[PDB]
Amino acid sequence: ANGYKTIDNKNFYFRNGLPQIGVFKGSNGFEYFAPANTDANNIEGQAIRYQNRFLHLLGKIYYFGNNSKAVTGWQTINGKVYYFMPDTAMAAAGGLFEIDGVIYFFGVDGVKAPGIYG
């Protein structure tokens, strides 16, 4: 009863037999399973259309592209570089991250500082 499910042509991500809120990777990439009444009267935990924009959720930062899926990896958005961790889609933020053996600094807002830190 756990995991990604499609019910009545709506997508949900279940834990404890209940739809969870968050950004989770179903069979169709990372989707935003949102609280009820976030967009177009979605119900609790339904995956919503959420496109070409950032999402701040519980002090983490995601970016959704043009298909309502959270991006991963290096991304250049509004003049800045971000790196969205492949296994969570959360932006690297708050200090030093080692990515493919190189160390970079990312601000609290997820923006990569110029240059290499180690």
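Sequential numbering from 1, following the sequence displayed.
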{"query": "101 to 109 or 20 to 28, whichever carries the higher mean Cα B-factor", "finding": "20 to 28"}
{"query": "Higher-B stretch (mean Cα B-factor, as the entry records it), 91 to 99 or 9 to 17", "finding": "9 to 17"}
{"query": "Which of 71, 57, 85, 77 ranks first by CA B-factor in the deposited coordinates", "finding": "57"}
{"query": "Record-listed C-alpha B factor of residue 40: chain third", "finding": "middle"}
